[PDB]
Each structure stands twice: as C-alpha cells, then as structure tokens.
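Source file: my_file-v6.txt (compact mmCIF, C-alpha atoms)
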```
# COMPACT_ATOMS: atom_id res chain seq x y z
CA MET A 1 -33.40 3.83 10.37
CA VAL A 2 -30.02 2.27 11.14
CA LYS A 3 -27.62 2.70 8.21
CA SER A 4 -25.04 0.03 7.49
CA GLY A 5 -22.72 -1.18 4.76
CA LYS A 6 -19.86 -3.61 4.26
CA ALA A 7 -16.84 -3.60 1.92
CA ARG A 8 -13.72 -5.55 0.90
CA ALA A 9 -10.47 -3.81 0.00
CA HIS A 10 -7.13 -5.46 -0.85
CA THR A 11 -3.64 -4.41 0.19
CA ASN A 12 -1.26 -3.02 -2.42
CA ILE A 13 2.52 -2.83 -2.70
CA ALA A 14 4.30 0.35 -3.87
CA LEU A 15 6.62 -0.10 -6.87
CA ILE A 16 7.38 3.58 -7.01
CA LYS A 17 7.49 4.47 -3.35
CA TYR A 18 5.45 6.99 -1.50
CA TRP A 19 8.01 8.31 0.97
CA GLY A 20 7.54 11.66 2.71
CA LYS A 21 4.56 14.02 3.06
CA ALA A 22 4.23 17.60 1.87
CA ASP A 23 1.28 17.91 4.29
CA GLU A 24 1.01 15.85 7.46
CA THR A 25 -2.65 16.70 8.19
CA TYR A 26 -4.28 15.96 4.84
CA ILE A 27 -1.74 13.29 3.88
CA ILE A 28 -0.47 15.08 0.76
CA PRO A 29 2.77 13.35 -0.52
CA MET A 30 6.07 14.79 -1.80
CA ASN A 31 5.75 12.61 -4.91
CA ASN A 32 3.47 10.49 -7.05
CA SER A 33 3.54 6.75 -6.35
CA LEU A 34 2.66 3.57 -8.22
CA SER A 35 1.45 0.27 -6.80
CA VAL A 36 -0.11 -3.11 -7.52
CA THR A 37 -3.03 -4.46 -5.56
CA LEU A 38 -2.72 -7.96 -4.22
CA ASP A 39 -5.23 -10.77 -4.60
CA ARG A 40 -4.31 -12.60 -1.41
CA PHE A 41 -4.46 -9.90 1.27
CA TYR A 42 -7.50 -7.85 2.16
CA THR A 43 -9.62 -6.27 4.86
CA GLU A 44 -13.35 -6.75 5.27
CA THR A 45 -15.13 -3.98 7.15
CA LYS A 46 -18.77 -3.47 8.22
CA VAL A 47 -19.98 -0.09 9.44
CA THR A 48 -23.27 0.58 11.20
CA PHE A 49 -24.44 4.09 12.00
CA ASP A 50 -27.07 4.40 14.75
CA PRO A 51 -28.68 7.57 16.20
CA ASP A 52 -28.58 5.78 19.56
CA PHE A 53 -24.79 5.18 19.37
CA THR A 54 -23.11 7.85 21.45
CA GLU A 55 -19.60 7.25 20.14
CA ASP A 56 -17.58 5.41 17.53
CA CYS A 57 -16.73 1.79 18.37
CA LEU A 58 -14.20 -0.44 16.53
CA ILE A 59 -14.05 -4.23 16.84
CA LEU A 60 -10.99 -5.46 14.92
CA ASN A 61 -10.41 -9.18 14.43
CA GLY A 62 -13.03 -9.96 17.07
CA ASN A 63 -11.56 -7.77 19.82
CA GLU A 64 -12.24 -4.22 21.04
CA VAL A 65 -9.24 -2.06 20.20
CA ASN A 66 -7.26 -0.05 22.75
CA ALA A 67 -7.73 3.59 23.72
CA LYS A 68 -5.22 5.01 21.27
CA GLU A 69 -6.89 3.29 18.33
CA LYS A 70 -10.33 4.41 19.48
CA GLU A 71 -9.09 8.00 19.38
CA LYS A 72 -7.54 7.53 15.93
CA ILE A 73 -10.68 5.98 14.46
CA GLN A 74 -13.01 8.47 16.12
CA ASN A 75 -11.04 11.26 14.46
CA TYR A 76 -11.38 9.69 11.01
CA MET A 77 -15.10 9.11 11.44
CA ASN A 78 -15.37 12.87 12.09
CA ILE A 79 -14.22 13.51 8.54
CA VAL A 80 -16.87 11.09 7.41
CA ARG A 81 -19.68 12.82 9.35
CA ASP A 82 -18.50 16.18 8.06
CA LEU A 83 -18.56 14.87 4.50
CA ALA A 84 -21.95 13.17 4.91
CA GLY A 85 -23.43 16.21 6.64
CA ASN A 86 -24.57 14.28 9.71
CA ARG A 87 -23.76 13.41 13.32
CA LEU A 88 -24.28 9.67 13.62
CA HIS A 89 -21.67 7.59 15.42
CA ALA A 90 -20.79 4.15 14.13
CA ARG A 91 -19.91 0.64 15.13
CA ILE A 92 -17.16 -0.72 12.92
CA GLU A 93 -16.48 -4.45 12.77
CA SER A 94 -13.37 -5.25 10.77
CA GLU A 95 -11.41 -8.38 9.96
CA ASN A 96 -7.92 -8.14 8.47
CA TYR A 97 -7.06 -11.06 6.20
CA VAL A 98 -3.51 -9.77 6.16
CA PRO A 99 -0.47 -11.42 7.82
CA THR A 100 0.31 -8.40 10.01
CA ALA A 101 2.11 -10.54 12.61
CA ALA A 102 4.49 -11.41 9.77
CA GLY A 103 5.01 -7.69 9.22
CA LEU A 104 2.64 -6.98 6.30
CA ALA A 105 0.78 -3.65 6.49
CA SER A 106 -3.00 -3.42 6.87
CA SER A 107 -3.67 0.34 6.82
CA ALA A 108 -4.13 0.59 3.05
CA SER A 109 -6.78 -2.16 2.95
CA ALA A 110 -8.31 -0.96 6.25
CA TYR A 111 -8.97 2.67 5.29
CA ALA A 112 -9.98 1.78 1.73
CA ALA A 113 -12.49 -0.78 3.02
CA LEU A 114 -13.75 1.57 5.70
CA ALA A 115 -14.14 4.37 3.13
CA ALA A 116 -16.14 2.24 0.70
CA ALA A 117 -18.29 0.80 3.49
CA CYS A 118 -19.14 4.32 4.67
CA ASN A 119 -19.90 5.41 1.13
CA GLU A 120 -22.32 2.45 1.01
CA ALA A 121 -23.90 2.75 4.47
CA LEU A 122 -24.60 6.44 3.95
CA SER A 123 -25.44 6.29 0.23
CA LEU A 124 -22.97 9.00 -0.79
CA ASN A 125 -22.41 7.57 -4.23
CA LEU A 126 -18.86 8.92 -4.14
CA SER A 127 -16.86 8.85 -7.36
CA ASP A 128 -13.76 6.64 -7.30
CA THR A 129 -11.72 9.84 -7.14
CA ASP A 130 -13.64 11.06 -4.11
CA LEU A 131 -13.56 7.61 -2.61
CA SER A 132 -9.78 7.66 -3.05
CA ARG A 133 -9.62 11.13 -1.47
CA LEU A 134 -11.52 9.91 1.60
CA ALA A 135 -9.34 6.81 2.02
CA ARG A 136 -6.28 9.08 1.68
CA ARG A 137 -6.95 11.06 4.88
CA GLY A 138 -6.75 7.78 6.75
CA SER A 139 -3.60 6.45 5.10
CA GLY A 140 -1.83 7.60 1.96
CA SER A 141 -1.56 4.17 0.39
CA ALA A 142 -5.23 3.49 1.12
CA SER A 143 -5.91 5.96 -1.68
CA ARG A 144 -4.55 3.35 -4.13
CA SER A 145 -6.31 0.35 -2.63
CA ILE A 146 -9.57 1.74 -4.10
CA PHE A 147 -8.33 0.20 -7.36
CA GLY A 148 -6.99 -3.07 -8.74
CA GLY A 149 -3.95 -3.86 -10.87
CA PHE A 150 -1.62 -0.91 -11.34
CA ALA A 151 -2.63 2.30 -9.56
CA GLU A 152 -1.01 5.73 -9.40
CA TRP A 153 -1.49 8.23 -6.58
CA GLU A 154 -1.21 11.74 -8.13
CA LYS A 155 0.25 13.94 -5.42
CA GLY A 156 -1.74 17.07 -6.26
CA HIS A 157 -1.22 19.99 -3.87
CA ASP A 158 -4.28 19.94 -1.59
CA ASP A 159 -7.23 17.85 -0.36
CA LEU A 160 -9.16 18.22 -3.60
CA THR A 161 -6.27 17.27 -5.86
CA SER A 162 -4.39 14.50 -4.07
CA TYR A 163 -5.74 11.13 -5.15
CA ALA A 164 -5.24 7.94 -7.13
CA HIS A 165 -6.58 6.29 -10.25
CA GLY A 166 -6.41 2.82 -11.78
CA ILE A 167 -4.11 2.27 -14.70
CA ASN A 168 -5.32 -0.05 -17.41
CA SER A 169 -2.51 -2.34 -18.51
CA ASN A 170 -4.58 -4.27 -21.03
CA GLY A 171 -4.76 -7.07 -18.50
CA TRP A 172 -1.02 -7.20 -17.99
CA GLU A 173 -1.65 -7.58 -14.25
CA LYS A 174 -3.13 -11.02 -14.89
CA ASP A 175 0.37 -12.21 -15.84
CA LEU A 176 2.18 -11.00 -12.72
CA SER A 177 2.68 -12.34 -9.22
CA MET A 178 4.42 -11.25 -6.04
CA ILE A 179 6.40 -13.43 -3.68
CA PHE A 180 6.78 -12.29 -0.07
CA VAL A 181 9.87 -13.41 1.80
CA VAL A 182 9.01 -12.95 5.44
CA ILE A 183 12.05 -11.82 7.31
CA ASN A 184 13.32 -12.24 10.73
CA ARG A 185 11.30 7.75 16.11
CA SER A 186 12.36 6.77 12.56
CA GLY A 187 10.18 6.86 9.42
CA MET A 188 9.37 8.82 6.26
CA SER A 189 8.79 11.93 8.34
CA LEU A 190 12.19 11.86 10.02
CA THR A 191 13.75 11.16 6.61
CA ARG A 192 11.69 13.70 4.66
CA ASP A 193 12.42 16.08 7.52
CA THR A 194 16.19 15.59 7.97
CA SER A 195 17.73 13.25 5.40
CA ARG A 196 20.84 14.55 3.67
CA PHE A 197 19.95 12.32 0.73
CA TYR A 198 16.31 13.36 0.43
CA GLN A 199 16.86 15.78 -2.49
CA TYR A 200 18.55 12.91 -4.36
CA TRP A 201 15.29 10.97 -3.92
CA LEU A 202 13.25 13.94 -5.15
CA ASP A 203 15.41 14.58 -8.22
CA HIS A 204 14.94 11.07 -9.60
CA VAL A 205 11.48 9.99 -8.56
CA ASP A 206 9.51 11.39 -11.51
CA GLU A 207 11.78 9.92 -14.16
CA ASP A 208 11.48 6.56 -12.42
CA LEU A 209 7.72 7.00 -12.40
CA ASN A 210 7.48 7.73 -16.12
CA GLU A 211 9.87 4.95 -17.08
CA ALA A 212 7.76 2.63 -14.97
CA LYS A 213 4.58 3.93 -16.66
CA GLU A 214 6.23 3.47 -20.03
CA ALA A 215 7.17 -0.09 -19.10
CA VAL A 216 3.56 -0.92 -18.24
CA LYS A 217 2.30 0.40 -21.60
CA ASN A 218 4.64 -2.01 -23.39
CA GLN A 219 4.14 -4.82 -20.87
CA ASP A 220 7.92 -4.75 -20.60
CA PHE A 221 8.70 -6.78 -17.48
CA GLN A 222 12.50 -6.33 -17.42
CA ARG A 223 12.18 -2.62 -18.03
CA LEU A 224 9.59 -2.26 -15.26
CA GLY A 225 11.61 -4.46 -12.93
CA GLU A 226 14.88 -2.62 -13.28
CA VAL A 227 13.48 0.80 -12.53
CA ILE A 228 11.28 -0.18 -9.56
CA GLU A 229 14.16 -2.12 -8.03
CA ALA A 230 16.44 0.90 -8.26
CA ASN A 231 13.66 3.18 -7.01
CA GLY A 232 13.05 1.01 -3.96
CA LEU A 233 16.77 0.95 -3.12
CA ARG A 234 16.99 4.72 -3.37
CA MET A 235 14.15 5.03 -0.87
CA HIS A 236 16.16 3.09 1.70
CA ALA A 237 19.21 5.14 0.85
CA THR A 238 17.35 8.24 2.05
CA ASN A 239 16.99 6.72 5.51
CA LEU A 240 20.75 6.25 5.64
CA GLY A 241 21.03 10.03 5.39
CA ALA A 242 18.49 10.76 8.14
CA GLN A 243 19.53 12.49 11.36
CA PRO A 244 20.46 10.01 12.78
CA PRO A 245 20.58 7.29 10.08
CA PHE A 246 18.44 4.16 10.21
CA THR A 247 17.64 1.16 8.09
CA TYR A 248 14.72 -1.24 7.73
CA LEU A 249 16.99 -3.89 6.20
CA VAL A 250 18.67 -6.80 8.00
CA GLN A 251 21.25 -9.31 6.68
CA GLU A 252 18.51 -11.80 5.76
CA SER A 253 17.01 -9.04 3.58
CA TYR A 254 20.27 -8.88 1.62
CA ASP A 255 20.32 -12.69 1.37
CA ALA A 256 16.87 -12.63 -0.29
CA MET A 257 18.07 -9.89 -2.66
CA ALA A 258 21.06 -11.96 -3.74
CA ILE A 259 18.80 -14.88 -4.44
CA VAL A 260 16.81 -12.59 -6.74
CA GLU A 261 19.94 -11.66 -8.73
CA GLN A 262 20.95 -15.34 -9.03
CA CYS A 263 17.48 -16.01 -10.41
CA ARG A 264 17.98 -13.28 -12.95
CA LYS A 265 21.39 -14.59 -14.04
CA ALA A 266 19.69 -17.99 -14.31
CA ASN A 267 16.93 -17.11 -16.77
CA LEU A 268 14.19 -16.38 -14.20
CA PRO A 269 13.57 -12.62 -14.44
CA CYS A 270 12.42 -11.07 -11.12
CA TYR A 271 12.92 -7.89 -9.06
CA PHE A 272 12.66 -6.99 -5.38
CA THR A 273 11.35 -4.18 -3.29
CA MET A 274 11.12 -3.58 0.45
CA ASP A 275 9.03 -1.18 2.51
CA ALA A 276 9.10 0.00 6.12
CA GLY A 277 10.68 -3.24 7.33
CA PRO A 278 12.92 -6.22 6.46
CA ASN A 279 10.48 -8.24 4.31
CA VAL A 280 11.51 -8.67 0.72
CA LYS A 281 8.85 -8.63 -1.96
CA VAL A 282 9.52 -10.28 -5.30
CA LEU A 283 7.77 -9.20 -8.45
CA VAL A 284 7.83 -12.10 -10.87
CA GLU A 285 5.86 -13.19 -13.91
CA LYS A 286 3.29 -15.83 -13.01
CA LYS A 287 4.91 -18.21 -15.52
CA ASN A 288 8.10 -18.15 -13.43
CA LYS A 289 6.54 -17.92 -9.96
CA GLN A 290 6.84 -21.57 -8.88
CA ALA A 291 10.50 -21.74 -9.90
CA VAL A 292 11.51 -18.53 -8.22
CA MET A 293 9.82 -19.81 -5.10
CA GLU A 294 11.78 -23.05 -5.44
CA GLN A 295 15.04 -21.17 -5.23
CA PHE A 296 13.82 -19.37 -2.13
CA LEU A 297 12.64 -22.61 -0.54
CA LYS A 298 16.16 -23.92 -0.82
CA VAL A 299 17.15 -21.21 1.66
CA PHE A 300 14.05 -20.22 3.67
CA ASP A 301 11.47 -22.15 5.66
CA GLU A 302 8.34 -22.92 3.62
CA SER A 303 6.29 -20.97 6.10
CA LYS A 304 8.22 -17.76 5.32
CA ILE A 305 7.45 -17.65 1.60
CA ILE A 306 4.08 -16.40 0.36
CA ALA A 307 2.81 -15.94 -3.15
CA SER A 308 0.05 -13.59 -4.23
CA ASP A 309 -1.42 -12.82 -7.59
CA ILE A 310 -2.28 -9.26 -8.57
CA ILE A 311 -6.00 -8.64 -8.47
CA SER A 312 -7.71 -6.89 -11.39
CA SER A 313 -10.78 -5.46 -9.64
CA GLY A 314 -10.90 -2.69 -7.01
CA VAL A 315 -12.63 -2.14 -3.69
CA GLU A 316 -15.85 -4.13 -3.48
CA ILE A 317 -19.23 -3.98 -1.74
CA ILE A 318 -20.14 -7.10 0.20
CA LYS A 319 -23.85 -8.03 0.07
```
Would you mind giving the structure from this file in structure tokens?
Amino acid sequence: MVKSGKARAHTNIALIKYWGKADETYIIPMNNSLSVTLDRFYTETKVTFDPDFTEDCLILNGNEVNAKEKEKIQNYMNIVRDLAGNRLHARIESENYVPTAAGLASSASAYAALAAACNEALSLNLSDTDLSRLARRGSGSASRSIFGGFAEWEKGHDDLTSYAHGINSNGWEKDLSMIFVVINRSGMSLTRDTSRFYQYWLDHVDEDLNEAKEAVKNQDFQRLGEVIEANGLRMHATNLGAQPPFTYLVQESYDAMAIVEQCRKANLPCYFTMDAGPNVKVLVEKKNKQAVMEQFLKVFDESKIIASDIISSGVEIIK
C-alpha cells in the first residue's frame, strides 16, 4: 500500500526566452517561449508516498536538503495531493546529472521529473498537457522539459491554459548540438517589474517566435540562428533598463560571443545564447560541432567546454 514511481527528465535551453511572469503564483508568463531539450543533462527522481510518512522529505544528490528547500518542496507536493485527491506525504530521492556547480540550471529537469514520477506513483495517467501544467507550477521551464527536441510553452492566461507542447521538426533535432562555454535582488521579476526596455522586449517577442517556428519548419539553420541570437540579446538588454540596471554577462562572455562570429565568418555557422548568468551556449549543427569546439579550445580550458546533443524523446519512466 506504499505508492512509488521514478522518472527521468532532461534540461532544456530557451531559444526564445521566457523572461517575466504575468502571474507569480501560477507561473503564467508574459510571452510564449521555445526551447530544445538536451541529451546530456537530466534529473532522476524517485517519489514514495506512505500513509505513515508525516511530512514531505527530499534527499537531493544523497544529502537531506536545508529548511528553505523543505518548505519549497512541501508546498509543491501540496498541489500534487490536491490534484490527486489525497493526503499522503512523500519521500523524494533525486539525483541531478546536471553541472549546477558550473552554473547550469536544474529546476526544469527537477520539476519535470518530479511531476512525471508523481503521475506514475499515483497512477494519474495525466495527459502530456496536464503533465506540463503540473511541472509549470514548480518552474516555468519545467513545463517544456516534459518534451524532447523543440518545445513551445504557450503562455495562455490561467492555470488551465498555460502549458507546453512538443514540436515535430521531422527529426531536425537529430542534426543539432549545443556547446556550453562555462564562464568564470535582480532577475526577470525586477526587470518585468521595472525595466524601461521591457515593452521593447514585448513588442518583438512574437515575431521572433514565429520566425523561429518558420525556420524549424524549413530546417533553416541560419534563419533559426539569427533570430534566436537577436532574441537572446534583447532579453539581456531588458535587464540594462531595470531599476537599477544589471547584467548577467562578463567580459569572458563577450569573448565567447566573438569567437562565435569568427566561426561564422569562417564557414562554421553557429549562434549563441545566454541565460541568467555568464555561460555562453552555442547552437551548432552536429556536422560542425567538433570544429567549433576546436576554436573554443584554442582559447578556453578543455574542462570549460561541454557538448550536448539534442534529445528526441521526452520525460521518461524509469522501471
């Protein structure tokens, strides 16, 4: 009579950025976003519900988490109980296979894996939509880690309507790779709240989205690359307009970017994006991956350069 289940969910990188919430409580975003799920980085999470358990317990990477995390996870589990129509508390044992110490985010793979594991443990047989909705309340980008390849989070306007879906690119994702250049108060809320350049972000984001969607239909790498690169830069521009301004970028970040342009001028097409920190991520065709990396290795330590393929499949039950 103990109910358990285990799942694997991979991280994903936003090509059309989710930046700013319409609703802070249900994690409803100001705009749609588009990502690619990565083969190399994932979370594995086991959940076990027991009538005897008196509260929710999380072991992450072997260790009990602190008090603040316990509170955060307990609160999410509430949503799960509510949805499942029960009152069982759970022991969660999770391992992140994500280089978080190098600055890569784990919340998208974490909540997606925890969602799917709960769906399994409690036999909810949630649709992918509903699975995405449940991951969403934990972390916006988790909503997209329910799927592989290209995924779009439709912003909707409430809990029922805000969720993601997988985009079929006729296998295009099998041809793409991503290089991570690991690089040596403030956030989307501050920006979405006070940025003088936020409306500029809003006025362009949909067009970027569609042009990006159009590029994926035609498997048009250059056309995809150009728009996601400009979109990513605009996101960081919004933070420059925040009250007061801030930036996630450091000089090394600009050095990686310049190496990307040099690659482009030298017959190795590739485009960069950055998120809530100085790491630079390089979208490149798998055919050109080794060579782009070579140009980076001329400048960076081999330990600071990491390649990942794009995975085709979505969140997965472990048996």
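Counting all atoms listed in the file, the residue from A:171, A:140, A:148, A:244 that sits nearest to residue A:186 is A:244.
For the residues A:313, A:66, A:35, A:94, ranking by smallest atom-to-atom distance to residue A:110 using all atoms listed in the file places A:94 first.
Nearest residue to residue A:125 among A:223, A:238, A:12, A:84 is A:84, counting only C-alpha atoms.
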Listing only residues of stretch 132-249 of chain A within 6 Å of stretch 258-274 of chain A, what is the closest atom pair and its distance in Å (to one decimal) for each, using all atoms listed in the file, sorted by chain and residue number ascending, as CSV?
```
residue,atom,partner,partner_atom,distance
A:225,CA,A:271,CA,5.3
A:229,CA,A:272,CA,5.7
A:232,CA,A:273,CA,5.5
```
Subject >> Spatial neighbours of residue A:72, max dist 12 Å, all atoms listed in the file, sep filter under 3 positions, as a ChimeraX atom specification >> reply: /A:56-58,65-69,75-79,111,137-139
Quick one: write out the picked residues with C-alpha atoms as an mmCIF file, in the frame of the given file?
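For reference, again.cif as written:
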```
data_model
loop_
_atom_site.group_PDB
_atom_site.id
_atom_site.type_symbol
_atom_site.label_atom_id
_atom_site.label_comp_id
_atom_site.auth_asym_id
_atom_site.auth_seq_id
_atom_site.Cartn_x
_atom_site.Cartn_y
_atom_site.Cartn_z
ATOM 1 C CA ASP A 56 -17.580 5.410 17.530
ATOM 2 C CA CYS A 57 -16.730 1.790 18.370
ATOM 3 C CA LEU A 58 -14.200 -0.440 16.530
ATOM 4 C CA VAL A 65 -9.240 -2.060 20.200
ATOM 5 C CA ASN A 66 -7.260 -0.050 22.750
ATOM 6 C CA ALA A 67 -7.730 3.590 23.720
ATOM 7 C CA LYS A 68 -5.220 5.010 21.270
ATOM 8 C CA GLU A 69 -6.890 3.290 18.330
ATOM 9 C CA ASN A 75 -11.040 11.260 14.460
ATOM 10 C CA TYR A 76 -11.380 9.690 11.010
ATOM 11 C CA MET A 77 -15.100 9.110 11.440
ATOM 12 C CA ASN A 78 -15.370 12.870 12.090
ATOM 13 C CA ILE A 79 -14.220 13.510 8.540
ATOM 14 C CA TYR A 111 -8.970 2.670 5.290
ATOM 15 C CA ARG A 137 -6.950 11.060 4.880
ATOM 16 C CA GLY A 138 -6.750 7.780 6.750
ATOM 17 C CA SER A 139 -3.600 6.450 5.100
#
```
Subject >> Between atom CA of residue A:315 and atom CA of residue A:51 - distance in Å to one decimal >> reply: 27.3 Å
Extending 3 Å beyond the listed atoms of stretch 61-70 of chain A on each side, what axis-aligned box results? I want centre and edge lengths in Å to one decimal, as AutoDock Vina command-line options.
```
--center_x -9.1 --center_y -2.5 --center_z 19.1 --size_x 13.8 --size_y 21.0 --size_z 15.3
```
Sorted by chain and rising residue number, list the residues of stretch 118-190 of chain A at most 9 Å from stretch 285-296 of chain A (counting all atoms listed in the file), each with its closest atom pair and distance in Å to one decimal, as a tab-separated table.
```
residue	atom	partner	partner_atom	distance
A:174	CA	A:286	CA	8.2
A:175	CA	A:286	CA	5.4
A:176	CA	A:285	CA	4.4
A:177	CA	A:286	CA	5.2
A:178	CA	A:289	CA	8.0
A:179	CA	A:293	CA	7.4
A:181	CA	A:296	CA	8.2
```
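With distances restricted to all atoms listed in the file, A:11 is the closest residue to residue A:42 from A:11, A:132, A:127, A:247.
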Original post:
What's the 12 Å shell around residue A:197, counting all atoms listed in the file, without same-chain residues fewer than 6 positions away, as a ChimeraX atom specification?
Top reply: /A:191,203-204,234-243,245
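With atom CA of residue A:80 on one side and atom CA of residue A:119 on the other, the separation reads 9.0 Å.
Compared by their closest atoms to residue A:8, and using all atoms listed in the file, the residues A:115, A:249, A:209, A:230 rank with A:115 nearest.
For the set A:27, A:59, A:224, A:14, the residue with the smallest atom-to-atom gap to residue A:276 is A:14, counting only C-alpha atoms.
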**OP:** Could you give me, as a PyMOL selection string, the residues that sit within 12 Å of (2.1, 18.4, 0.7) in the file's coordinates, counting all atoms listed in the file?
**Re:** chain A and resi 19-32+140+154-159+161-162+192
Go ahead and dump the residues you just picked, C-alpha atoms, as a PDB file, in the frame of the given file.
```pdb
ATOM      1  CA  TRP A  19       8.010   8.310   0.970  1.00  0.00           C
ATOM      2  CA  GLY A  20       7.540  11.660   2.710  1.00  0.00           C
ATOM      3  CA  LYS A  21       4.560  14.020   3.060  1.00  0.00           C
ATOM      4  CA  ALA A  22       4.230  17.600   1.870  1.00  0.00           C
ATOM      5  CA  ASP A  23       1.280  17.910   4.290  1.00  0.00           C
ATOM      6  CA  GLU A  24       1.010  15.850   7.460  1.00  0.00           C
ATOM      7  CA  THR A  25      -2.650  16.700   8.190  1.00  0.00           C
ATOM      8  CA  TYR A  26      -4.280  15.960   4.840  1.00  0.00           C
ATOM      9  CA  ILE A  27      -1.740  13.290   3.880  1.00  0.00           C
ATOM     10  CA  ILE A  28      -0.470  15.080   0.760  1.00  0.00           C
ATOM     11  CA  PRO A  29       2.770  13.350  -0.520  1.00  0.00           C
ATOM     12  CA  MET A  30       6.070  14.790  -1.800  1.00  0.00           C
ATOM     13  CA  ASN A  31       5.750  12.610  -4.910  1.00  0.00           C
ATOM     14  CA  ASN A  32       3.470  10.490  -7.050  1.00  0.00           C
ATOM     15  CA  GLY A 140      -1.830   7.600   1.960  1.00  0.00           C
ATOM     16  CA  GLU A 154      -1.210  11.740  -8.130  1.00  0.00           C
ATOM     17  CA  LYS A 155       0.250  13.940  -5.420  1.00  0.00           C
ATOM     18  CA  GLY A 156      -1.740  17.070  -6.260  1.00  0.00           C
ATOM     19  CA  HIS A 157      -1.220  19.990  -3.870  1.00  0.00           C
ATOM     20  CA  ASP A 158      -4.280  19.940  -1.590  1.00  0.00           C
ATOM     21  CA  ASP A 159      -7.230  17.850  -0.360  1.00  0.00           C
ATOM     22  CA  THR A 161      -6.270  17.270  -5.860  1.00  0.00           C
ATOM     23  CA  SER A 162      -4.390  14.500  -4.070  1.00  0.00           C
ATOM     24  CA  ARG A 192      11.690  13.700   4.660  1.00  0.00           C
TER      25      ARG A 192
END
```
Original post:
What gap, in Å, lies between atom CA of residue A:147 and atom CA of residue A:166?
Top reply: 5.5 Å
**OP:** Compile the contact shell of residue A:43 as a ChimeraX atom specification: residues with an atom at most 10 Å away, counting all atoms listed in the file, same-chain residues fewer than 4 positions apart removed.
**Re:** /A:7-11,94-98,106-114,315
